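Below you'll find only one chain, the form deposited in one PDB entry, shown as structure tokens.
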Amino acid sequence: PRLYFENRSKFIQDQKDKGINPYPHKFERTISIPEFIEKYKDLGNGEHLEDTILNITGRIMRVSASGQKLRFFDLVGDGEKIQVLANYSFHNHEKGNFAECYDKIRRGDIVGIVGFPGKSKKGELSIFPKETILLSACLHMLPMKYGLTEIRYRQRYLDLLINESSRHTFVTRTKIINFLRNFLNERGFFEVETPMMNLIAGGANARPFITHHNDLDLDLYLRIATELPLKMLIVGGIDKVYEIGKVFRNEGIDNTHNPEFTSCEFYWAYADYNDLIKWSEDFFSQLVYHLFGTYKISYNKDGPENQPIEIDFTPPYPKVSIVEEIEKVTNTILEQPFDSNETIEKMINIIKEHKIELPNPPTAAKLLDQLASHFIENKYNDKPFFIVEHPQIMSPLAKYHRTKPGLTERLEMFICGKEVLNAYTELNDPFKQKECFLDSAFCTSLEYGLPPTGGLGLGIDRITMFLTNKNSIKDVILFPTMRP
């Protein structure tokens, strides 16, 4: 263990003393492992192309029992593997002693090979080296397959080398974001970048990160959302605009919460709640189909040990009104204002009666949220669904519902009880922005005329979790935030 590293450390030094460079600068390779497999997978068993010289690189992930002049290795690159069949007959003895050269090779070593393509008699696609150079050695002992804990998160490179599902998961993540970008781009949307650091931190309910700028001698807040600046751009005449980037929220960590996570928000001039619902249904249905050739996926809601559930992404999705639903599953009528002494105490009695835990503070919005979490947000697990028409007290930036007083034109989409999407008709009457009478800069922009707008936010990481069958957000983030 500690000895292995010391030996390899010595070996590197010993090689240098012998004038050999264990870390050469440039090895010009002529073909990639995936390319190699594609161009030679259909060779006949035992067939050799001994005249076709190739330069190929990879990482040795398996060394076979040294035979009498016959050495076998597994070589991996870009998530694919071919066999290394070193044969004494084909060895270039000008470059060095056969057995001595390959006896040096250890598992994990990155090597560059000069050889020709062919299959073994058994029909295994292989590269036959005439020469093998060491490009970069592995000084530690790699875990065996199925051998790899918190190591996955702290040493992600080891996860990517050993666990095949790892590369697939993060490839899917990029495919997801790519798809999202093209989806918004194909429909006339314009991607921008707003500031990570601001004098204030809206628009969402979350404790911010605070940092300090030295030469300006200024205390800056890390953005918790992108909503405000993007809406100012709508005012600026960018009628379809969006941003895919990191946002920072200074709260608790768990399976669905990571301090910094990727979000996408777009704002869509002259669109509304109804446009937004249709968009959501269009996007998720098409996205899931694009990844799986079907609108149905399997997801292990209760973990890999328990039976998975099926999630049907076939549109349309159910819409559930938050207040009405709570009233219906409670046989109660929550009379407005929701923050009245009568209604608050009535919500509290529901929370005590049903054995639910009381929020703190016991504000109207907090109570409504807790009631929703218990009586609604798990109503459907077999398909996405929207909770809609949130009260204004929960939605300080959502435009008032056009027929339901006290409510707003807002929609959250849930997958297996987890919020992945938040959208509403943007409040654009500056007079109704009670806080403005938020950021001064934002408030002022409204006064110049925000047209009728629809805004939407996506939780990218959580969406990745569901489409990569993960129970934790740590599985869809390359370098999640870990306690040291």
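Rigid core here is just the name for the largest C-alpha set that superposes within 1.5 Å across the two forms. So that there is no doubt, residue numbering starts at 1 and follows the sequence shown.
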Third-or-more of other entries without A204: yes
Residues with no coordinates between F437 and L438, taken from the deposited sequence as a class: 10 or more
Deposited but uncoordinated residues in the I110/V111 interval: none
362 to 370 or 232 to 240, whichever carries the higher mean Cα B-factor: 362 to 370
Selected stretch [higher average CA B-factor]: 12 to 20 or 464 to 472: 12 to 20
Among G96, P117, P315, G245 - the residue whose C-alpha B-factor is largest in the record: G96
Maximum C-alpha temperature factor, selected from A201, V388, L407, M196: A201
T57, C-alpha B-factor rank within chain (lowest, middle or highest third): middle
Ranked against its chain, the third holding the CA B-factor of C264: lowest
Entry-reported Cα temperature factor of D429, expressed as the chain third it lands in: middle
For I177, the third of its chain into which the C-alpha B factor falls: lowest
Record-listed C-alpha B factor of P337: chain third: highest
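There is another form of this protein, the form deposited in another entry, and it is not shown here; the text below is about that form.
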Candidates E345, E193, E310, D78 - which moves between this form and the one not shown, C-alpha at least 2 Å, core fixed: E345
Displaced residue check between this form and the one not shown: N331, CA, 2 Å or over, core reference: yes
Core-aligned C-alpha movement of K366 between this form and the one not shown, 2 Å or more: yes
Is_shifted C138 between this form and the one not shown (CA, 2 Å cut-off, rigid core): no
